[PDB]
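The structure appears right after this line, and notes come after that.
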Protein chains: 2
Amino acid sequence: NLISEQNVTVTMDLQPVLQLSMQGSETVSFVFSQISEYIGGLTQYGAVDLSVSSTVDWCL
Amino acid sequence: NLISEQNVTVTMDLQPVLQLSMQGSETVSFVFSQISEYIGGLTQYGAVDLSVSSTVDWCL
């Protein structure tokens, strides 16, 4: 039972990837100068959007 | 507790709205040429009207 052997060591790392990419304007400005704006207020549509890249279970 | 975050800054300004709109004649003329006008005087009805648009408490 003569034995000649060679060994290799395998190292595997699962680095966590957590990315939150936001597109839009980092300043959102509401300007009230008319009466209508005062009574009803500015409604801004699609100001900021968020995209999520993840490896594990995530909650935003 | 890996964290990926994005921040947006919201700026809200409440600009004061103060409007006094006058309708009528900016010159009001009283002409006295008859005796009756002298003794009793001209009475002018609805010479000037004022409309107020405001955001805060106001006194006219």
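Ligands are numbered from 1 in the order shown, residues from 1 within each chain, and chains are lettered A, B, ... in the order they appear in the structure tokens.
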Selection near residue 30 of chain B, 9 Å with only C-alpha atoms, sequence-local residues under 4 positions removed, as an mmCIF file with N, CA, C and O atoms, in the first residue's frame:
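Now in part32.cif:
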data_model
loop_
_atom_site.group_PDB
_atom_site.id
_atom_site.type_symbol
_atom_site.label_atom_id
_atom_site.label_comp_id
_atom_site.auth_asym_id
_atom_site.auth_seq_id
_atom_site.Cartn_x
_atom_site.Cartn_y
_atom_site.Cartn_z
ATOM 1 N N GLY B 41 -73.229 118.286 0.043
ATOM 2 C CA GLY B 41 -72.022 117.576 -0.331
ATOM 3 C C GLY B 41 -72.232 116.327 -1.159
ATOM 4 O O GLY B 41 -73.259 115.655 -1.042
ATOM 5 N N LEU B 42 -71.253 116.012 -2.004
ATOM 6 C CA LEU B 42 -71.313 114.814 -2.830
ATOM 7 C C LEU B 42 -71.162 113.570 -1.967
ATOM 8 O O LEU B 42 -70.284 113.508 -1.099
ATOM 9 N N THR B 43 -72.018 112.583 -2.200
ATOM 10 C CA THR B 43 -71.871 111.259 -1.614
ATOM 11 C C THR B 43 -71.620 110.262 -2.736
ATOM 12 O O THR B 43 -72.498 110.030 -3.573
ATOM 13 N N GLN B 44 -70.428 109.676 -2.750
ATOM 14 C CA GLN B 44 -70.020 108.751 -3.797
ATOM 15 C C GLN B 44 -70.103 107.330 -3.266
ATOM 16 O O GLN B 44 -69.478 107.005 -2.251
#
**Interface list for chain B, partner chain A, 6 Å threshold, only C-alpha atoms, as a PyMOL selection string** = chain B and resi 4+8-15
**Request:** Pull the helix (DSSP H, G or I) assignments for chain A out of DSSP run on the backbone, and list those residues as a list in words.
**Result:**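 Secondary structure check on chain A, helix (DSSP H, G or I): residues 35, 36, 37, 38, 39 and 40 of chain A.
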**Asked** Among chain A, which residues carry a DSSP assignment of strand (DSSP E or B), reported as a list in words?
**Response**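 Across chain A, those assigned strand (DSSP E or B) are residues 18, 19, 20, 21, 22, 23, 24, 27, 28, 29, 30, 31, 32, 48, 49, 50, 51, 52, 53 and 54 of chain A.
As for atom CA of residue 7 of chain B and atom CA of residue 55 of chain A, they are spaced 22.3 Å apart.
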